[PDB]
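Structure at a glance
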Amino acid sequence: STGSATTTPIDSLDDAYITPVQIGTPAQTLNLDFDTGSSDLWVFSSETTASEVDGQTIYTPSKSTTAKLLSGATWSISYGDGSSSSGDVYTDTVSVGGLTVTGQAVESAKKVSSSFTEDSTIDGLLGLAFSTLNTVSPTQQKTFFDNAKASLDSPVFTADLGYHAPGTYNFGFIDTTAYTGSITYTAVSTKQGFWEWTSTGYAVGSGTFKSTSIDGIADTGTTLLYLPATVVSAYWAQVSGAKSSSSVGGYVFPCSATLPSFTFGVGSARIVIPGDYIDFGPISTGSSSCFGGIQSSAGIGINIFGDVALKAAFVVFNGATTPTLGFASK
């Protein structure tokens with residue numbers, strides 16, 4: 001089997017992408033944030049504290065004839081950005097772009113962090129990291145991809161995120177028309193539960209490539225590119241007027257400035273992030289100071305290849321027995 005669904009940015013800055021997901025019988029369609037940095041499928045629901053719902057579409061298990069309470073099961077998660085949520089668990093039918101999993105754990109939110117309430121366009125998350133990170137207790141649950149894997153024509157999914165435009169998630173096949181050149185594959189460590197790999201280095205604009213190992217995660221659920229402070233400093237040094245602002249919480253720059261591209265290495269191959277992708281606009285409405293899309297990972301504890309980097313490539317998440325990652329230009 002295969003599936004294919006369009007993913008759409010939630011706003012003009014590509015802060016995140018939402019993908020429609022059918023849950024239950026009859027189908028309830030929710031717009032979920034596909035997150036390769038986590039492993040819970042959780043949704044706003046009829047069970048969510050009313051004061052914590054503000055515009056989101058909810059899942060109502062009682063209206064689904066295929067929903068079954070997973071008795072005794074609870075879940076609770078906190079994300080790298082200080083967000084969180086918690087609740088109970090049903091199993092139900094979940095379909096993504098034509099691909100159907102029966103018995104998928106659907107985690108029903110009883111409580112969500114303010115940040116989720118405040119984002120009316122995201123109805124929940126669909127985690128695509130490794131199932132070892134799943135928070136359901138006492139019995140850990142599998143991700144949508146893990147459940148679908150054996151049925152898929154090939155045990156892969158691909159992320160093809162757009163710049164200021166929609167993109168595509170595919171399951172079970174590689175669309176050879178979606179990228180240029182070849183796909184370079186690189187090794188993955190699952191030891192932290194992430195799609196963790198090692199970039200071979202970077203260049204800033206037309207600068208010479210610096211060969212150096214950068215360990216990080218491919219995370220569709222994170223907006224920006226977070227890299228070591230040395231790297232980030234080398235980038236912003238090439239932008240006139242840029243500075244790191246503690247009050248703002250990162251590098252900012254005047255929008256009159258031209259942003260250089262940023263190249264990262266995948267084995268011997270090279271992915272170029274155009275400068276325009278690194279502009280995240282005014283820090284506040286009307287400000288002349290713009291927020292940068294490349295920021296320091298210092299004190300995150302891990303480097304994150306977020307949407308800023310991934311949207312510059314066609315990315316293969318290969319769930320073969322030994323997982324790997326593939327990157328192609330497009």
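Method of structure determination, per the deposited record: X-ray crystallography was used for this entry, reaching 1.7540 Å resolution.

Moving on to the packing of aromatic side chains. Scanning the model with the defined rule gives 25 aromatic pairs in all. On the basis of an interplanar angle of 40 degrees and a centroid distance of 4.6 Å, the ring pair of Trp 197 and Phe 305 is categorised as tilted. Placement of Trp 197 in strand β12 (residues 196-204) and of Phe 305 in strand β22 (residues 303-305) is noted, with a sequence separation of 108 residues between them. Residue placement shows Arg 270 over the ring face of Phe 209; its charged tip is 3.6 Å from the ring centre. Positioned over the ring face of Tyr 277 is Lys 311, at 5.8 Å from the centre of the ring.

Here we take up the pairing of strand β7 (residues 99-112). With 2 bridges connecting them, strand β4 (residues 41-43) and β7 associate as parallel partners. Residue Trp 42 lies in a different strand from β7, and its bridge partner there is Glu 107. Where strand β6 (residues 84-96) meets β7, 11 bridges bridge the pair, whose relative direction is antiparallel. Its bridge partner lying in β7, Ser 85 is registered against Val 112.

What follows concerns the UniProt feature "active site" in the protein chain. On the UniProt side, "active site" is annotated at positions that read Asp 35 and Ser 199 here. Of the annotated positions named here, the largest pocket is lined by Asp 35. Among the secondary structure elements, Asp 35 is positioned in strand β3 (residues 28-35). If near-sequence neighbours (up to four positions away) are discounted, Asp 35 is found in contact with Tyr 79, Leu 125, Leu 126, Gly 127, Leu 128, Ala 129, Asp 219, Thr 220 and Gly 221. Structurally, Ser 199 is set in strand β12. Once residues lying within four places of it in the same chain are set aside, the contact partners of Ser 199 are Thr 212, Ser 213, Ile 214, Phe 264, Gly 265 and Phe 305.

With that settled, consider the environment of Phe 291. Summarising the element assignment, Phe 291 is placed in strand β20 (residues 289-292). Remark: the alpha-carbon pair of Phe 291 and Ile 174, spanning 117 residues in sequence, is separated by 34 Å. Not counting the four nearest positions on each side in its chain, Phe 291 is found in contact with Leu 224, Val 248, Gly 249, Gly 250, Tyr 251, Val 252, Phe 253, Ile 278, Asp 279, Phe 280, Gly 281 and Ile 283.

What counts, and where the lines are drawn
- Here the residue numbering is sequential from 1 along each chain as its sequence is written and may not follow the entry numbering; residues with no coordinates are omitted from view.
- Note: side-chain values were computed over all heavy atoms of the structure, leaving out hydrogens and water.
- Residues with missing side-chain atoms are left out of burial classes, side-chain pairs and their counts.
- In this analysis, rings of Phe, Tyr and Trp, with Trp reduced to its six-membered ring, are considered paired at centre separations within 6.5 Å, and the interplanar angle assigns stacked below 30 degrees, edge-to-face beyond 60, and tilted for intermediate values.
- Only DSSP runs of H or I reaching four residues or more are called helices, and only runs of E reaching two or more are called strands; each is numbered from the N terminus.
- Geometrically, a charge over a ring is one whose NZ (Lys) or CZ (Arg) sits within 6 Å of the ring centre while staying within 35 degrees of the ring normal.
- Strands are labelled as partners when DSSP assigns at least two bridges between them.
- UniProt positions are given in the numbering used here, feature names are shortened, and annotations may be inferred rather than shown by experiment.
- Here a cavity means grid points, on a 1 Å grid over the protein atoms only, where a 1.4 Å probe fits yet cannot get out; a pocket means an open set of points with protein on both sides within 12 Å along at least five of seven lines; lining residues are those with an atom within 4 Å of a point.
- Any two residues whose heavy atoms approach within 4.5 Å at even a single point are treated as in contact.

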